[PDB]
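Structure first, then comments.
So you know, we letter chains A, B, ... as the sequences are listed, proteins then strands, and number each from 1. When reading the values below, keep in mind they use all heavy atoms of this one structure, side chains included, and skip hydrogens, waters and symmetry mates.
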Amino acid sequence: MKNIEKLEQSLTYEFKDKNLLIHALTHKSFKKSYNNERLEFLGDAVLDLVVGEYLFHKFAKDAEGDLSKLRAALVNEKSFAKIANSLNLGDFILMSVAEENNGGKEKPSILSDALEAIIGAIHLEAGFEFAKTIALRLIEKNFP
Amino acid sequence: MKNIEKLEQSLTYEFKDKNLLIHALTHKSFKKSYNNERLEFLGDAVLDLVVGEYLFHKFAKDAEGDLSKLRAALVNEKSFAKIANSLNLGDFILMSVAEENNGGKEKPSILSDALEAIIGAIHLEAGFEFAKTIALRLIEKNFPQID
């Protein structure tokens with residue numbers, strides 16, 4: 001994949017298995033029996049823990065507060081698509097010609113899914129703590 | 001608390017800070033401004049990842065399958081209430097006299113929340129991989145798959 005090195009610089013994480021990252025960037029329309037849906041499923045749960053944990057510590061000395069609402073605001077499709085657009089994910093997602101023609105590169109659900117899949121892939125290769133640091137930095141940079 | 005050593009052996013984990021386990025075991029009815037609600041919130045998320053990951057690997061070769069639905073089947077109130085009872089958490093949970101008279105020790109939501117807060121406590125004290133090992137062990141012991 002061309003310019004993939006630039007995605008890695010943006011994340012500050014370089015994959016040991018480049019095919020894992022490619023897997024994460026493969027939209028379901030692209031190739032039969034090979035896509036990011038499962039990595040997205042895992043990534044979603046990783047981010048739920050990254051964000052829930054961050055909120056538990058940051059709002060610890062405050063009995064008032066709905067951490068669930070605070071989390072939902074941070075991990076929803078719109079926020080994740082914004083983070084993904086900051087990484088120019090649209091340029092790296094592999095999808096069919098027809099899906100590109102259908103505006104697949106800016107679909108927030110496609111962008112959001114791919115970000116989640118990248119975080120799940122980092123968790124698999126480097127572990128939760130490493131994925132957490134990468135995710136928290138992306139969140140910080142987009143929602144100071 | 002009394003018999004706390006029995007719960008630690010059922011869990012196969014000994015807390016460095018005993019007060020954190022007590023906190024996970026403290027129902028919202030017991031003492032003002034001190035309960036296990038935040039730890040339940042944290043543990044629920046820990047459990048979602050532990051089960052999500054277990055499922056990801058288990059069904060890696062099945063193109064067919066709604067992992068989200070299968071996870072819910074594993075982490076719902078009824079499943080956690082069952083794991084909780086295999087730990088006798090009902091004997092350890094701290095709750096007001098009135099709540100205990102209202103059948104609190106057997107309420108599946110109370111049992112479930114306490115389990116989650118405990119897993120959340122472990123994650124906080126020992127890190128995710130450790131919480132994972134404890135959790136996967138508890139799930140396998142209560143719901144062995146076939147195999």
Side-chain angles (χ1 to χ4, degrees), chain A residues 6-8 10-13 20-31 34-56 58-59 65-96 98-124 128 131-144, chain B residues 41-42 44-49 51-53 55-56 65-72 75:
Chain A
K6 291 198 291 190
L7 178 45
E8 295 174 318
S10 303
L11 296 166
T12 78
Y13 183 79
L20 181 51
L21 174 55
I22 291 171
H23 203 152
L25 296 164
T26 305
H27 179 256
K28 42 104 84 301
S29 62
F30 193 70
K31 197 184 302 170
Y34 191 83
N35 63 57
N36 65 6
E37 302 267 301
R38 293 284 180 83
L39 285 164
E40 180 281 329
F41 166 79
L42 179 58
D44 187 78
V46 175
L47 290 156
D48 268 0
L49 183 53
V50 171
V51 174
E53 187 188 45
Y54 165 88
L55 289 169
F56 174 96
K58 173 170 176 181
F59 286 75
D66 184 2
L67 306 186
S68 198
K69 187 184 192 70
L70 291 172
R71 175 168 58 193
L74 290 167
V75 316
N76 63 43
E77 171 183 287
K78 193 176 193 301
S79 305
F80 278 12
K82 176 175 182 170
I83 296 171
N85 282 319
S86 73
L87 299 176
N88 297 135
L89 283 193
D91 301 341
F92 302 99
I93 293 158
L94 299 164
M95 65 187 59
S96 71
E99 186 60 38
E100 287 202 24
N101 285 8
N102 291 342
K105 280 153 42 60
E106 25 252 34
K107 284 181 184 178
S109 69
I110 289 183
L111 289 165
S112 176
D113 283 342
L115 180 72
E116 293 183 306
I118 291 176
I119 297 304
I122 297 181
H123 166 88
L124 283 176
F128 177 74
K132 166 193 169 184
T133 298
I134 295 296
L136 288 173
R137 171 184 171 269
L138 300 175
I139 291 174
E140 265 194 329
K141 289 164 64 70
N142 282 271
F143 305 97
Chain B
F41 168 85
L42 180 58
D44 175 65
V46 175
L47 291 164
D48 270 354
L49 177 53
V51 176
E53 185 179 56
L55 290 172
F56 175 91
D66 181 9
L67 300 195
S68 178
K69 176 172 290 190
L70 298 192
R71 176 170 59 189
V75 314

Do [X] and [Y] have side chains that get closer than 4.5 Å, going by heavy atoms?
X	Y	value
A/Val46	A/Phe128	yes
A/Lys58	A/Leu70	no
A/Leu7	A/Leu89	yes
B/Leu42	A/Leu49	yes
A/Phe143	A/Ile83	yes

- Message: If the threshold is 4.0 Å, N to carboxylate O, is there a salt bridge linking A/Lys107 and A/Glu99?
- Response: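 Here A/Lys107 pairs with A/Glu99 in a salt bridge, since their nearest N and O are under 4.0 Å apart.
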
From [atom1] ([X]) to [atom2] ([Y]), nearest 0.5 Å:
X	Y	atom1	atom2	answer
A/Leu136	A/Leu47	CG	CG	9.0 Å
A/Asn142	A/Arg137	CG	CZ	9.5 Å
A/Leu25	A/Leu20	CG	CG	10.0 Å
A/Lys31	A/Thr26	NZ	OG1	5.5 Å
A/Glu100	A/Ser29	CD	OG	9.0 Å
A/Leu21	A/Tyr13	CG	OH	10.0 Å

If you take all heavy atoms of [X] and [Y], which pair is closest and at what distance?
X	Y	value
A/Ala24	A/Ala117	O-CB, 3.4 Å
A/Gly104	A/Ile110	O-CD1, 3.4 Å
A/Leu111	A/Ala84	O-CB, 3.6 Å
A/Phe92	A/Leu87	CE1-O, 3.9 Å
A/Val50	A/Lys132	CG2-CA, 3.7 Å

Please answer whether the main-chain N or O of [Y] pairs with a side-chain N or O of [X] as donor and acceptor at a distance below 3.5 Å.
X	Y	answer
A/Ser79	A/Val75	no
A/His23	A/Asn35	yes
B/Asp66	B/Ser68	yes
A/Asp44	A/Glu40	no
A/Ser112	A/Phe80	no

- Message: For A/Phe41, is the CZ atom crowded, meaning more than 12 foreign heavy atoms sit under 6.0 Å from it?
- Response: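 Enclosed: over 12 neighbouring heavy atoms sit under 6.0 Å from CZ of A/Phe41.
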
- Item | Audit row: A/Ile118, A/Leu39, side chain to side chain contact (heavy atoms under 4.5 Å, CB included) steps and yes/no | CA-CA 7 Å; A/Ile118 291 176; A/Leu39 285 164; over 6 Å; no

- Listed once per pair and sorted, the salt bridge (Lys or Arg N to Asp or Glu O under 4.0 Å) pairs that draw on residues 68-82 of chain A, sequence neighbours left out: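 Counting only pairs at least two positions apart or across chains, no salt bridge (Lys or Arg N to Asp or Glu O under 4.0 Å) contact touches residues 68-82 of chain A.
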
